[PDB]
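Numbering (the working numbering), first residue to last: 22 to 209.
Structure below.
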């Protein structure tokens, strides 16, 4: 066929019921994730090709960057709760990988302050049980698919994107192939 299991995607031996339709995992410590966000805009191009009605979910993971990795999963929970993902994603990536000015929870917090979230609102979110359960959800979703690598994308809890099997000579062609594959899997 044109799309083949084990080629542009793999199938989960252990499908995950009730999973989000399009589920993306990343880490701010993850170098391909930085590319995916800032150079390729994967999430965005996937959304542009997804059917009407399908919702898109993105979670941070703990298994990179030790203690700071967990702070970043909690900070991402804060971003989701406040709905400020689109204002902190770039400075978090650049703070961790480019300028390396993020070294502590307080540095993560500075990024939110600079993006205009108020201190009191940030600290209130950070400490909230709603954020605690949002962290729980991020962990559980990754646990459900026994996740050991990022970036990763899963469609309907049964298919996992496999970018290793796509031409990388052209970055645009790569992105469209990726997005088209998500759409195909979505319609499966």
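Even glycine gets a Cβ: it sits at the ideal position worked out from N, Cα and C.
Setting aside the 5 residues that flank it on each side, residue 111 is surrounded in the same chain by 58, 59, each with a C-beta closer than 8 Å to its C-beta; the list follows chain order. In this chain, the beta strand (DSSP E) harbouring residue 32 covers 30-32. Residue 77: not part of any alpha helix (DSSP H); member of the beta strand (DSSP E) spanning 77-81, first to last residue.
Counting C-beta pairs with one atom in each stretch, the stretch 42-62 and the stretch 118-138 have three or more that are closer than 8 Å, which means they touch. Taking residue 125 as reference, the option from 31, 189, 106, 95 with the minimal CA-CA separation is 95. Taking all protein chains in view, the Cβ of residue 133 is crowded by 16 or more other Cβ atoms within 10 Å, so the residue is classified as buried.
In the DSSP assignment, residue 158 falls within the alpha helix (DSSP H) that extends over 150-165. About 17 Å separates the beta carbon of residue 32 from that of residue 199, a gap too long to meet the 8 Å contact definition.
If you check the CB distance, residue 182 and residue 24 do not come in under 7 Å. Bounds of any alpha helix (DSSP H) do not take in residue 22, whose DSSP letter is neither H nor E. The C-alpha of residue 114 lies about 23 Å from the C-alpha of residue 145. Here DSSP, grouped into helix, strand and coil, assigns residue 61 to coil. Inclusion of residue 172 and residue 54 in the CB contact set at 7 Å is warranted, their separation being smaller than that value.
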